[PDB]
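Form deposited in one PDB entry, single chain, as structure tokens, below.
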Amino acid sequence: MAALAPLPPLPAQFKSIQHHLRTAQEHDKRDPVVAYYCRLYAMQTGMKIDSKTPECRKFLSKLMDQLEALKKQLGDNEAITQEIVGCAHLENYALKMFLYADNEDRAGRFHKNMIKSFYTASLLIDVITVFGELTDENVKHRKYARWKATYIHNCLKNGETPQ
């Protein structure tokens, strides 16, 4: 039911965060909480790359409103009001994807989904780093996912069956 007005053309400047906002737009249909936090991360990295540019200004204004819209859309939400609750929710999401990938490995089958799953998990980790605090598992998971993601990708590229 919830929806946000269309966003202007995306310049190469925000290409690095394109994957972030892109996933957010997708989640908007799955979960608004994830999108809200996701958009927050994009904004931070956005302003850092380009504070306020007469051109990007349009993108920033729209993006900023998008987050504001979600806030009012829900209104009284623990995930929004309580950061701790939202933090635990995000962590759980990463765990679900993390296990899913491991489950596929045990099955003795590898697919492009595994790499995508690991990549998605890493993205969530960043969204969590925004809190300025990182857990031991969060940091370890990032490295583990980075290695597994690359290792699996490299193995396939070399035509070798992953371990």
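Numbers for residues come from their place in the sequence shown, where the first is 1.
Separately, the form solved in complex with a partner chain exists; it is not shown, and the next lines address it.
Engineer: Applying a 4.5 Å heavy atom distance criterion, does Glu68 contact the partner chain in the deposited complex?
Structural biologist: Yes.
Engineer: Please run the contact check for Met43 against the partner chain in the deposited complex: heavy atoms, 4.5 angstroms, yes or no?
Structural biologist: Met43 belongs to the contact set for the partner chain.
Engineer: Within 4.5 Å, heavy atoms only: does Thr135 come near the partner chain in the deposited complex?
Structural biologist: No, no contact at 4.5 Å.
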